[PDB]
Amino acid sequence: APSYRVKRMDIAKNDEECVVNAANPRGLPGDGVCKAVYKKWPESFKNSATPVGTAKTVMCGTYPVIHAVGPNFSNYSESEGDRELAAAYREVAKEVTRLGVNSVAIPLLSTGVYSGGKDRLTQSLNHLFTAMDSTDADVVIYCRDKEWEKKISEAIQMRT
């Protein structure tokens, strides 16, 4: 009975069946979510490079790490970056489906270090809902700020 939920904690401490990394296309350790993901699941960075707008899963034993490459808005125009952000979340949905998992922990892609200095909460969440609505999995969205938790939570309530 699929749900959306939001948790304010380190995504590295998720209790879901797989995690989504906010990865770069070089498959390298980065800042933000990707740093916490590198610290926690370093093995998942073996051949994890994948282009912007795509997602690639690498297993960490039995644990899937979905490296999803949202655009860095410092690199992309708002227009093109929006296409890429939709594409990355679509591949996350694809990966979550192919793996058969019951749940997934996901950060808001293209926020923070890739945000180009803009608040992209609503933008990233909207693409997240659009893509994930066709999956059967419980989705647990992670964030770290209290204001964001409240806005995500309210966005969920008005949807479901």
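Numbers follow the displayed sequence, beginning with 1.
Set 140-148 against 17-25 and average the Cα temperature factors; 140-148 ends up higher. Across the two stretches, 130-138 and 110-118, the PDB entry reports the greater mean Cα temperature factor for 110-118. Comparing the C-alpha B-factors of 124, 62, 54, 97 in the entry, the top value falls on 62. For residue 70, the recorded CA temperature factor ranks within the lowest third of the chain's modelled residues. Among all modelled residues in this chain, the alpha-carbon of residue 58 has a temperature factor (C-alpha) in the middle third.
In the PDB entry, residue 49 places in the middle third of its chain by CA B-factor. Ranked against the other modelled residues of its chain, the C-alpha B-factor of residue 36 as given in the entry falls in the middle third.
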